[PDB]
Every structure is written in structure tokens, then in C-alpha cells.
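Student: If you scroll down you'll find the structure; I have some questions about it.
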Amino acid sequence: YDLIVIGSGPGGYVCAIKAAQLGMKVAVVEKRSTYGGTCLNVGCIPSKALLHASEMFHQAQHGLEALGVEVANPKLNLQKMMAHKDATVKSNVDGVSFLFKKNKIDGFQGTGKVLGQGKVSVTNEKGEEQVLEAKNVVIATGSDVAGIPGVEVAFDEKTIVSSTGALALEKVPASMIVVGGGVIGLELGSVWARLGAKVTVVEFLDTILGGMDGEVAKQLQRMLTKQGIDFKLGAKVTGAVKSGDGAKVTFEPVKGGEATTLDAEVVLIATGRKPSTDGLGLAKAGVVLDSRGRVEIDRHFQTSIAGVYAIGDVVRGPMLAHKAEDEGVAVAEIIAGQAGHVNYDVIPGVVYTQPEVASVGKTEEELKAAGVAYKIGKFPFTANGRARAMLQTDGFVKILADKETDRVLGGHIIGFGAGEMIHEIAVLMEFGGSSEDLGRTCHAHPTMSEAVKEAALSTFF
Amino acid sequence: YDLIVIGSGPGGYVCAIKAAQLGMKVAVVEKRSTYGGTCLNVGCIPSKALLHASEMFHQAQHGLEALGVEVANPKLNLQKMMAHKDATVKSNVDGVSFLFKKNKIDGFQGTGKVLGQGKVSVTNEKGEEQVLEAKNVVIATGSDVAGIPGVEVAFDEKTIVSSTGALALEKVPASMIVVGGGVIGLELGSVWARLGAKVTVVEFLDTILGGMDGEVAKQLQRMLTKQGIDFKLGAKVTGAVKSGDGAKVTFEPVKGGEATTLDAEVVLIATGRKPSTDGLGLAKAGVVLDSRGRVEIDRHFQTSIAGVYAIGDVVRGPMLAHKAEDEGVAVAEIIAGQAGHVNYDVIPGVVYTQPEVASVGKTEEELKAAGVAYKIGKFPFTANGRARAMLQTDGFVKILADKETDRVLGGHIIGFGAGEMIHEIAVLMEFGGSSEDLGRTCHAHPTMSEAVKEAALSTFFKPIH
Ligand SMILES: Cc1cc2nc3c(=O)[nH]c(=O)nc-3n(C[C@H](O)[C@H](O)[C@H](O)COP(=O)(O)OP(=O)(O)OC[C@H]3O[C@@H](n4cnc5c(N)ncnc54)[C@H](O)[C@@H]3O)c2cc1C
Ligand SMILES: Cc1cc2nc3c(=O)[nH]c(=O)nc-3n(C[C@H](O)[C@H](O)[C@H](O)COP(=O)(O)OP(=O)(O)OC[C@H]3O[C@@H](n4cnc5c(N)ncnc54)[C@H](O)[C@@H]3O)c2cc1C
Numbered sequence: 003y004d005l006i007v008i009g010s011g012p013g014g015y016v017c018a019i020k021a022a023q024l025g026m027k028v029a030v031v032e033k034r035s036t037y038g039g040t041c042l043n044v045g046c047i048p049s050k051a052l053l054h055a056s057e058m059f060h061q062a063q064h065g066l067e068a069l070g071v072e073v074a075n076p077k078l079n080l081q082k083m084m085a086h087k088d089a090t091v092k093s094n095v096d097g098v099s100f101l102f103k104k105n106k107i108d109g110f111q112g113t114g115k116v117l118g119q120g121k122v123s124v125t126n127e128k129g130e131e132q133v134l135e136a137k138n139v140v141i142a143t144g145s146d147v148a149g150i151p152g153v154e155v156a157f158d159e160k161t162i163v164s165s166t167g168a169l170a171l172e173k174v175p176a177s178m179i180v181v182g183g184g185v186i187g188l189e190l191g192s193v194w195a196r197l198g199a200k201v202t203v204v205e206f207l208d209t210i211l212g213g214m215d216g217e218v219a220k221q222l223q224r225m226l227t228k229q230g231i232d233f234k235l236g237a238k239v240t241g242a243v244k245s246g247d248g249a250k251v252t253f254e255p256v257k258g259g260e261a262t263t264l265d266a267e268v269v270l271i272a273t274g275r276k277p278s279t280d281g282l283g284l285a286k287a288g289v290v291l292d293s294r295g296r297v298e299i300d301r302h303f304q305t306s307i308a309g310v311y312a313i314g315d316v317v318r319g320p321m322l323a324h325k326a327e328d329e330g331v332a333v334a335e336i337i338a339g340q341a342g343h344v345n346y347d348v349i350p351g352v353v354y355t356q357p358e359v360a361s362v363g364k365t366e367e368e369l370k371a372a373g374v375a376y377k378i379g380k381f382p383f384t385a386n387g388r389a390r391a392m393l394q395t396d397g398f399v400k401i402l403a404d405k406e407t408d409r410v411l412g413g414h415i416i417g418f419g420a421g422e423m424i425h426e427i428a429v430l431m432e433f434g435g436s437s438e439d440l441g442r443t444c445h446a447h448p449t450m451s452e453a454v455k456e457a458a459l460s461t462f463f
Numbered sequence: 003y004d005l006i007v008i009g010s011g012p013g014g015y016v017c018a019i020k021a022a023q024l025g026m027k028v029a030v031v032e033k034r035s036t037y038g039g040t041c042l043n044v045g046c047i048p049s050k051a052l053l054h055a056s057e058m059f060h061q062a063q064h065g066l067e068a069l070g071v072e073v074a075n076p077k078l079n080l081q082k083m084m085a086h087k088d089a090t091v092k093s094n095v096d097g098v099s100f101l102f103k104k105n106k107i108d109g110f111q112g113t114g115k116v117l118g119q120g121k122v123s124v125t126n127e128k129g130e131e132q133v134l135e136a137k138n139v140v141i142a143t144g145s146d147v148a149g150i151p152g153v154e155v156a157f158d159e160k161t162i163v164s165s166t167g168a169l170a171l172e173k174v175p176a177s178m179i180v181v182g183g184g185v186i187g188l189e190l191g192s193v194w195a196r197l198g199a200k201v202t203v204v205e206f207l208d209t210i211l212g213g214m215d216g217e218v219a220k221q222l223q224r225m226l227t228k229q230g231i232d233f234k235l236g237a238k239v240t241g242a243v244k245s246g247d248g249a250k251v252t253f254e255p256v257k258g259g260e261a262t263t264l265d266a267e268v269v270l271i272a273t274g275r276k277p278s279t280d281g282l283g284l285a286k287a288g289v290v291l292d293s294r295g296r297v298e299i300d301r302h303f304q305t306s307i308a309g310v311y312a313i314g315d316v317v318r319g320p321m322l323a324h325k326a327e328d329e330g331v332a333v334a335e336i337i338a339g340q341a342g343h344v345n346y347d348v349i350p351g352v353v354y355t356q357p358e359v360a361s362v363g364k365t366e367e368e369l370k371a372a373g374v375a376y377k378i379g380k381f382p383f384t385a386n387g388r389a390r391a392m393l394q395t396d397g398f399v400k401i402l403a404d405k406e407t408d409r410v411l412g413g414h415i416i417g418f419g420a421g422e423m424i425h426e427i428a429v430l431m432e433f434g435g436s437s438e439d440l441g442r443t444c445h446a447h448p449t450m451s452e453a454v455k456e457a458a459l460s461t462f463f464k465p466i467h
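Protein chains in written order, with UniProt numbering: chain A, 3 to 463; chain B, 3 to 467.
What follows is the structure in C-alpha cells.
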């Protein structure tokens, strides 16, 4: 082959397609019985299907009467909801399969191992091996669930669960504890809170969400608290164990203090994910890892070994499907002899709660930390005509712009359809646009996108 | 006054606020008891409130069981739906009146008339005339409902209605005939169809929507047809009259000959709106109108009378609220001595049906007529992960780009949230970007906006998905 990709998550599968379109003969080596990796199988896709259906459940209970639409107390058919989740996964998995066949990409089921000298071994569950040969190898093995630092935790996937078990619970738990107030914890904890679980989120940091913009994260926390989610922030989990029919979670203040124990029927552990390297034979092959276990790479995605490249969640940068796909495209282009580029300054991030959160570019914390003087413009959806007509008035758009040049440096949206609207700000930033330029662009009225224009005008005036 | 604005429609109101923010002393002359003109009182705002409510009604009936949410048979409370429409109208109108207070803008209730030479007369309901003077007058009088080419029709606003009556029907009609297959006809027709009317759209052109890109308009017709709306296209209406307690529309094929009569409980006349200059005294002032009744203006929005300007639905260009507002800002900036500019090449248009339709830039018919060689990329929502998760898979994005330079010339979206997603294509076109520029911008996965990225990539080369 011209290229062997090891893994078929977003980064690898897109890399394989792009390379195939650039005329290469490609093989993709994958353990899993389906393509699509974490995102399509056990990540973005299933959780988005549950988020959508649970949101429609919530809206049926609370958002229809003020519109003149009178329904009897909505009832949940959880199995039917899970069948929607499954059908959505199957569409996405089959879509990959169809794309590999369209593009004549050869798929190999089994565990791949990097040998070094343009060789890769594949071993299928039946035990037999095959050596494949290729001029280029891309490692695209993705990430795995992490545990809790210093705490031993036994995942059983019914009581102590990872996101995988939490997507497939057999019944709405009466109560659920989410360890980790990052994107995955808050999204899954909203799903179950909507369906009737009493949900508490326990988080090490004093704030939810990673280094997302502090103001937006605090506003999200406030809204999710109104939706009935309890938060225990600055809390160091020291134990999470099955206990009887449920589980027990022990935590104490991070800064020291008396311990608390909480009981719940289910505990979701959703701490940061980690690069997945085990099994690739990297030590023997001479592929160097950094101190966090990431495959070390240069700016051309090349590892310490010639002809071997790495992308996606197994290397540095945000662990996001679309980041991984953009790297897959760049490395394919690089291998075909074009320079490939990923613009690391304009990668949007979205949290699919309601309100939805979306960001691109810098946060206030990053600008302050860099000593950059900036201007802030904010416009609330309560002042927007479409938000009012749809009764979706929570949240705001904030634009950050350089003090001296008015260049937009970041935009952050909390509110309905945030993860769609952020793209007009991503496009603006690709052109080095100013807040003036954004605010002067004609936006249709009445649309929620008018709040992005208004925020930009506020930043400029 | 530095500035007198005649009309408080979106053009005139925004003009007034910008002017005030630029340091000017502004009066607004308005006949209606409330501000906001057509868009906020009888136009965009109430329409969008009924469209959202009536769509939630349809989703409650049809869109919940497949997701595991059991609600039996939802009931319409028309009174409460209308109450949401009126609440939305009230916040928008009260908002305009707040911004006038905050910017120290004076309002005068009455009919404004352009006298020339710095003066405007205001006649109130009582018959008293006050004469206001200002260095600048902006005509922002908006538009009115049009009739049917050479057919007389007597609007009564319960059986033979314009958009105004259609927004406030006291009960769901069994049947409604809408004359005009433009944006307003399709939107209002959709509202009542969802709430249980049998709806039929009768339209002179062989296509619904303008004016708008042909493939998109054709796809929308197809979807609305599946939703139970009937279309009689290529149809000339020769009569529309009460046959108490309902109404009767007669038409014949524009090209052929044989006539048809159709009865319904309510008939909506929704043909193109027209500029409203009634009461301004323009002939006596010397302000030249064109053949279509529009105020003639130059590049600075200035009429044939020095110091008299016009913006909005009364002058050339798309009759859209955000267009009127853009003109309102530009002219306030011009009058202050600054470079007011409106980019007519980038003014998005949105049709709030389901599926929603949005366009910016050129349509394929425009490019073909101009002889421009172009490339097309299209990506369907059936291939988008977020659209699948939300069961909102109808429609597509289409990007049109110059054959030689790859510069994006137009973009067109039919599907859920189209009027929001059109803005990243508007931004791209504002900077003169190419489809490659747009297709290589990182878009979050899974979002419906990824279909815009993939449609751009297909324009430039090939899509990935
Ligand atoms: C609940 C959840 C929700 C998420 N939501 C989002 C979201 O909304 N948006 C977003 O951008 N990101 C989201 N993510 C993260 C997203 O799943 C990852 O960013 C994305 O899947 C990474 O793509 P990848 O190709 O880097 O690796 P992965 O998708 O993890 O897949 C690579 C593949 O390698 C396989 N593999 C590993 N070792 C071998 C070997 N030795 N031989 C053969 N095959 C191997 C694995 O089986 C896997 O299929 C979510 C993650 C989770 C857990
Ligand atoms: C049902 C419907 C739905 C619509 N939906 C949309 C949409 O979704 N999006 C969109 O962009 N556009 C929409 N429009 C069109 C939009 O309403 C108009 O393009 C917009 O309102 C124009 O603003 P303006 O400055 O041009 O005038 P107008 O909004 O018409 O305001 C002009 C004002 O001048 C007043 N006036 C007139 N003559 C005099 C006088 N002699 N003295 C004093 N006052 C006077 C009038 O009473 C009026 O208030 C819709 C229209 C209708 C009917």
C-alpha cells in the first residue's frame, strides 16, 4: 500500500479518504467490528442523539404550554429513545463503510502494530497475523477513558460506568453522580437529569469546563443548576465504589477539609481522556512519546521515525473530532507532497447542553494571561427578535477584539444553536476580520445570528 | 432638528438611532400609535411567532413518538398561541420605544408630508398641523399590501384577507386559498396548514419564490406538497370574491384557456408588496417616483430634492427588513459626513417555512443570464451526523463559485436552521473568499454547518463525506 492508517475514528477515516482521493492505495487497520472509532460508535454521535431526544422530552414538559400547545404529561419510552440512538449510530457507521467502498480503501480487522521498516502487523481475534507494507504509516488510535488520579476504580458499566455504560443504561437511575465537570460529564449528566435522574457533578477545579472561557462556563453552571443539577466544585474524589445496590462516592475539599460521602445508583467517571498507544509496539519501533503519553510529532505530523506519522487524540492539541479530521486531511496532503495546514488558532469547540456553548479563538483568561489589551462586546438573546419568538432567550454572544487593531481574537456563544452560529465567527477569523467588519456584514432579520452582529458592533462602539 | 425621519419601520427607526448616536438631533414622524412599522407590528415579528408555535404544534403531533416521548393527542389552544404572538409584538415595539428614549429621539404622531426647503408638516388625528424644520428629511414610509393585477378585490380581513387578517384569524379555517406563492403566502399558508387547514397556493409564475434560486424553490415546493399543501402554478387569477360565508377564486392557465373556480373558507391575497408614498405630497415637492412607484435615489440615498433622502421598502432593492436597516445606518452615516456603504452583493434572504430556506449572493439563474461560468457543490443533510441525530435530514447546502477563480458567488441552503447557517457564507462573501477558503475552515463535528464546509469542498475539489 501507499498508506496504512492504524484506527478508523474521525482522524484516521478522513485521512484514508483524503489520501484515496489524492490517488493513493490505502489500508485501514481497525480492532473494532465497525468503523467510525470513538466519535461515531461510543462518543459524539450516540450522545448527540440522546441529547436531542432528552431535550425534546424536556421541551414537551416545559416549552409547549406558553405556545398554545397543550399536551398531557409527557411519558418516556426509554427503549424507543435508545433505538433512535442505535439507528443514528448505525447510519453513521454504515456511511463510513460506504465511503471506504466508494474510495476503494481496504479494511483490515485486527490489532495493528508498527514494525518500523515500512511494515505493520495485523492480528485478528482468530489469532492469525499478516504483515502489510507501506511507504507511509499514520497512527490514528485515538483516546481511552481515564480513571481518577490516585483512586482505584473498577468500571463495571452498570453501576460504575464510563461514557460507554452511561449511553446504554437499562433504566433511568434514580440518582447519578458525575465525576468530572468537563464536556462529556455535563452532556451525559444533562441527558439523565432530563429523563428523571437526580444528578450531582463533582469536579476537582473551582469551575466547570476545561480552559473554556470562564464567564461562559459560570453562566452554563448557573443554568444547569436551575435545571436541577447539583455541583460540588473544588472537590477531590478519594473513593468511588459499588456499595450494596448503588455506589458510594467519597470526596473532600481540594484545599483540605472534612470528607463527604454521597450515595447514588450510578456513578459516571468522566475525567479527561488519555492517548491510546498500548498495543502499537511503539517502544520497539522507536516512536517516541512525550511525558503525557502522546506520540511526539513535528509540525508535519512526523514521529521520531521516518515515514510514520500521528494525528488526532493520540497527539497534542484539543481532543476533538474535527481537529482530528483536519489533521487527517493535512497529513494525507503532506504525504502526497503538498504542504497541509491546520489553523490551530481557529478551531471551534461546542458543548451540546441546553443552553448550547460554543467558542472559537482566545478566551478572556488566555488574553489576560498573555497581557493582551482587548475590548469586549456582548449582546443577550433577551434582546433578539427571533430568540423571543422561539422562547429561547437564555445566554449571549461575546466577541473579544484587540484594543489597538479591532482584530477579533475570540468569540463565545451561549444559547440555542450556539454550535452552528459560531462558524460565522470562525470564518471571520480566518480572514483576520475586525469586529467592525463582522458588525457591518448584513445579517438577516429576525435571526439569532443578529446577536453576533450586535455583539460585534458593541465591541467596535 | 438635524434630521426628520418620516416612518418608524426598521429602516426609519434604525436610521434615527444611528443618527442620534452620531450626535444629531432627530424627530420621527409616524402615523401609527406604535413604532416598528411593518416588520414589528404586522410583518416579520408576529409571523415568526406563529410560525414557531405552529411548528411546535406539528412536532408535538408528529415528531415525538420516534424519539420515545409519549404525549397522546396534543390540543391547540389558539387563544394562547395568539397571546404569544401579541407578547412578542409588544416586546419588540416596547423595545423601539425604549431605544428612542435612551437616544433622546423625539416622536410625533401624525401624517408627515414633505414640503421641501427644510420643512415637514405633521397633521394629527385631530386635524392640527405642526410644521417641523430640519436640514435633512429621510423618507422611511415602507410598503403596503398589493392587489391582484387587474382584478378588484375587497379586503374584509375575515374572509378575504391580507397578511394582516391572516395573522389574526379567529379560528382555524377548514380551507384557505393563498393567492401569491412568494415568501409571505408560503409562510402564512404553512402556519394554517399545520393548525389543520386545507391550503392551496395559486401563483402566476411557474415557480414559487421570486426570484429565488430555482432548484431550492422547486425543492421547497416538493416538501410543502408532501406536507399537504396544493399548488396551482402558471395560474392567472381573474376573480376572488365572497360567496358568503366563504370565498371563491377563479383562475385560468396563463398560457392555456379553460377556467377553474375554487372555494374556501378564507382567501389570503399575498402578491408582491408595493412602496407606500400616500400622504407625503411628493409630486408637489418634486420628488421623482419610478414606474414601480419607488422613490428614485442616487448613491447617497438622495432623492431629486436636495436634503430629502429615502431608504427601505420605498426605494429599489430587496424589500427586507435588514436591507432597510442597513440603508438606515448608511444614510445616517452619509448625513453625518461619513462613508455610508451597503453591500448589495451580500444581503441574505430567509423563508421561515419548514424546511427553512436561505440564500445569499447570486442564484444559478442569475449566473446563467450573466453568462458566468461557475461550479456547483452540493451536500445533503441526509449525509450529516447532527441532522440524523435530530431527525432533520431534509434539504441540502449548495455553493456556487467562479469557474476560474473559485470565488464564492452565491450560497443556498434548504433545511433546519438555514437562516442561521447562511451567515458564515455571508461573512465569507463579504471578504471575497473562495470555496476552498470556506471548505478548509475548521467546522465543529457534529453540526449541521459541516454541510456548508462539505458543499464548499465539493465546489473546489471533492467532498470528504
Ligand atoms: C461521550 C463522548 C462524547 C464526545 N463528543 C464529542 C463531540 O460532541 N465533538 C467532538 O469533536 N469530539 C467529541 N468526543 C471526542 C471524539 O470522540 C474524539 O475527539 C474523536 O473520536 C477522535 O478521533 P480519532 O480518529 O482521534 O480517534 P478514535 O475516534 O478514538 O478512534 C481511532 C480508532 O483506533 C482503534 N484502535 C486503537 N488501537 C488500535 C490498533 N492497535 N489496531 C487497530 N485499531 C486500533 C480504536 O478502536 C478506534 O476505533 C466525544 C468523546 C466521548 C467519549
Ligand atoms: C407578513 C410579513 C412578513 C414579513 N417577514 C419578513 C422577514 O421575515 N424578514 C424580512 O426581512 N422582512 C420581512 N417582511 C418585510 C418587512 O416587514 C419590510 O421589508 C420592512 O418592514 C421594511 O422596513 P421600512 O423602513 O422599509 O418600512 P416599514 O416597516 O413599512 O415602516 C414604515 C412606516 O412608515 C409609516 N408611514 C407611512 N406613511 C407615512 C406618513 N405620510 N407619515 C408618517 N408615517 C408614515 C407606516 O405606518 C410605517 O410604520 C415581512 C412583511 C410582511 C407583510
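We put the CB at the ideal spot given by N, CA and C, even for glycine.
Using a threshold of 9 Å, state whether the C-beta atoms of B:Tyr3 and B:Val98 are closer than that.
Tutor: As a position in the second sequence, residue 3 of chain B is number 1, starting the count at 1. As a position in the second sequence, residue 98 of chain B is number 96, starting the count at 1. Contact flag unset, no.
Student: Using a Cβ-Cβ distance cut-off of 9 Å, determine whether B:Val251 contacts chain A.
Tutor: For the purposes of this step, residue 251 of chain B is identified with residue 249 of the second sequence, where counting begins at 1. False, the Cβ-Cβ gap to chain A never drops below 9 Å.
Student: Would you kindly report the start and end of the unbroken beta strand (DSSP E) that includes A:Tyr15?
Tutor: Translated into positions along the first sequence, residue 15 of chain A becomes position 13. A:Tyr15 -> not in any beta strand (DSSP E); alpha helix (DSSP H) instead, spanning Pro12 to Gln23.
Student: How would you list, in chain order, the residues of chain B whose beta-carbon sits under 7 Å from the beta-carbon of A:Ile349?
Tutor: Taking the first residue of the first sequence as position 1, residue 349 of chain A is located at position 347. Those are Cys444, listed as they occur along chain B.
Student: Specify whether the region 382-399 of chain A and the region 246-254 of chain A touch according to this definition: at least 3 beta carbon pairs, one from each stretch, less than 8 Å apart.
Tutor: Verdict: no, contact absent.
Student: Can you pull the DSSP bridge partners for B:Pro277?
Tutor: Residue mapping note: residue 277 of chain B aligns to position 275 of the second sequence, counting from 1. Partner(s): B:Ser145.
Student: Tell me whether A:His324 counts as near ligand 1, meaning its Cβ is closer than 8 Å to at least one heavy atom of that ligand.
Tutor: Locating residue 324 of chain A in the first sequence gives position 322, counting from the first residue. Under cutoff, so the answer is yes.
Student: Buried or exposed for A:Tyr311, please, with buried defined as at least 16 other CB atoms from any protein chain shown within 10 angstroms of its CB.
Tutor: Position 309 of the first sequence holds residue 311 of chain A. A:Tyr311 is buried by the Cβ-count criterion.
Student: Less than 9 Å separating the beta-carbons of A:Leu440 and A:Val410?
Tutor: Against the first sequence, residue 440 of chain A aligns to sequence position 438. Against the first sequence, residue 410 of chain A aligns to sequence position 408. Yes, the pair counts as a contact, with Cβ atoms nearer than the cut-off.
Student: If I follow the unbroken beta strand (DSSP E) through B:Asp404, where does it start and stop?
Tutor: As a first step, residue 404 of chain B is located in the second sequence; it is residue number 402 there, counting from the start. Here the beta strand (DSSP E) through B:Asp404 covers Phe398 to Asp404.
Student: Less than 9 Å between CB atoms is the rule here; does A:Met214 satisfy it with respect to chain B?
Tutor: As a first step, residue 214 of chain A must be located in the first sequence, where it is residue number 212. Not one chain B Cβ lies under 9 Å of A:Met214.
Student: Return helix, strand or coil for A:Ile179, following the three-state DSSP convention.
Tutor: Residue 179 of chain A sits at position 177 when you count from the first residue of the first sequence. If DSSP states are grouped into helix, strand and coil, A:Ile179 belongs with the strands.
Student: Does ligand 1 have even one heavy atom less than 8 Å from the beta-carbon of B:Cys444?
Tutor: In the second sequence, counting from the first residue as 1, residue 444 of chain B sits at position 442. B:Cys444: no, Cβ never under 8 Å from ligand 1.
Student: Quick check on this structure: which residue in A:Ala420, A:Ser93 and A:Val201 has the alpha carbon closest to the alpha carbon of A:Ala168?
Tutor: Translated into positions along the first sequence, residue 168 of chain A becomes position 166. Taking only the C-alpha atoms, the option nearest A:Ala168 is A:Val201.
Student: Extract the residue ranges of the beta strand (DSSP E) inside the region 285-330 of chain A, only unbroken runs of 3 or more that lie entirely within it.
Tutor: Segments of the beta strand (DSSP E) lying fully in the region 285-330 of chain A: 310-312.
Student: Under 9 Å, Cβ to Cβ, is there at least one residue of chain B near A:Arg301?
Tutor: In the first sequence, the residue the question calls residue 301 of chain A occupies position 299. Not one chain B Cβ lies under 9 Å of A:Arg301.
Student: Flag this pair as yes or no: are the beta carbons of B:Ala22 and B:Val31 separated by less than 9 Å?
Tutor: Translated into positions along the second sequence, residue 22 of chain B becomes position 20. Translated into positions along the second sequence, residue 31 of chain B becomes position 29. Contact: no.
Student: So B:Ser361 is in the beta strand (DSSP E); what residue range does that whole segment cover?
Tutor: In the second sequence, counting from the first residue as 1, residue 361 of chain B sits at position 359. Counting along the chain, the beta strand (DSSP E) containing B:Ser361 begins and ends at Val359 to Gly363.
Student: DSSP three-state label for B:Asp247, please.
Tutor: Walking along the second sequence from the start, residue 247 of chain B turns up at place 245. If DSSP states are grouped into helix, strand and coil, B:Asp247 belongs with coil.
Student: What is the DSSP secondary structure of A:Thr443, reduced to helix, strand or coil?
Tutor: Here the question's residue 443 of chain A lines up with position 441 in the first sequence. Correct three-state label for A:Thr443: coil.
Student: Assign B:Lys87 to one of three DSSP states: helix, strand, or coil.
Tutor: Counting from one through the second sequence, the residue named residue 87 of chain B turns up at place 85. B:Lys87: helix per DSSP, three-state reduction.
Student: Of all the residues that make up the region 423-438 of chain B, which are near chain C by a beta-carbon distance shorter than 8 Å?
Tutor: No chain C is part of this structure, whose protein chains are labelled A and B.
Student: Taking 9 Å as the threshold (C-beta atoms), are B:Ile424 and B:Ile401 in contact?
Tutor: Counting from one through the second sequence, the residue named residue 401 of chain B turns up at place 399. Counting from one through the second sequence, the residue named residue 424 of chain B turns up at place 422. The answer is no: Cβ separation not under 9 Å.
Student: Locate the alpha helix (DSSP H) running through A:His64, then write down its first and last residues.
Tutor: Numbered from 1 along the first sequence, position 62 holds the residue referred to as residue 64 of chain A. Run containing A:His64: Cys46 to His64, per the alpha helix (DSSP H) assignment.
Student: When the distance is taken between beta carbons, is B:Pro76 closer than 9 Å to B:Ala62?
Tutor: Translated into the one-based positions of the second sequence, residue 62 of chain B becomes position 60. Translated into the one-based positions of the second sequence, residue 76 of chain B becomes position 74. Cβ distance < 9 Å, so B:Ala62 and B:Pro76 count as in contact.
Student: Between the alpha carbons of B:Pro357 and B:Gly183, how many angstroms are there, rounded?
Tutor: In the second sequence, counting from the first residue as 1, residue 357 of chain B sits at position 355. In the second sequence, counting from the first residue as 1, residue 183 of chain B sits at position 181. Near 16 Å, if we compare the C-alpha coordinates of B:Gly183 and B:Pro357.
Student: With respect to 8 Å, is the separation between the Cβ of A:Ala156 and the closest non-hydrogen atom of ligand 1 below this value?
Tutor: As a first step, residue 156 of chain A must be located in the first sequence, where it is residue number 154. No - ligand 1 has no heavy atom lying nearer than 8 Å to the Cβ of A:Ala156.
Student: I'd like to know whether the C-beta of B:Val454 is nearer than 9 Å to at least one C-beta of chain A.
Tutor: Position 452 of the second sequence, counted from the start, is the residue given in the question as residue 454 of chain B. Yes - at least one Cβ of chain A is within 9 Å of the one on B:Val454.
Student: Exposed or buried, which one is B:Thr90 when buried takes at least 16 other CB atoms within 10 Å?
Tutor: What you label residue 90 of chain B is simply residue 88 of the second sequence in a count that begins at 1. With 16 or more other Cβ atoms within 10 Å, it is buried.
Student: Does A:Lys364 get closer than 9 Å to chain B when you measure Cβ to Cβ?
Tutor: One-based indexing of the first sequence puts residue 364 of chain A at position 362. By this cut-off, A:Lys364 is not an interface position.
Student: Return yes when at least one heavy atom of ligand 2 lies under 8 Å from the C-beta of A:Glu72, else no.
Tutor: For the purposes of this step, residue 72 of chain A is taken as residue 70 along the first sequence, with counting starting at 1. Not so, every heavy atom of ligand 2 lies at least 8 Å from the Cβ.
Student: Just mark A:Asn386 as buried or exposed, buried being the case when its beta carbon has 16 or more other beta carbons within 10 Å.
Tutor: What you label residue 386 of chain A is simply residue 384 of the first sequence in a count that begins at 1. A:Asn386 comes out buried.
Student: Mind listing which residues of the region 404-420 of chain B have their C-beta closer than 7 Å to chain A's C-betas, in chain order?
Tutor: Answer set for the region 404-420 of chain B: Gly419.
Student: Using a cut-off of 7 Å between C-beta atoms, extract the partners of A:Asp265 located in chain B.
Tutor: To locate residue 265 of chain A, count along the first sequence from 1; it is residue 263. None at all; the shortest Cβ gap to chain B is about 28 Å.
Student: B:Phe110 by DSSP, collapsed to three states: which one?
Tutor: Along the second sequence, read from residue 1 onward, the residue named residue 110 of chain B stands at position 108. DSSP places B:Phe110 in strand when its eight states are reduced to three.
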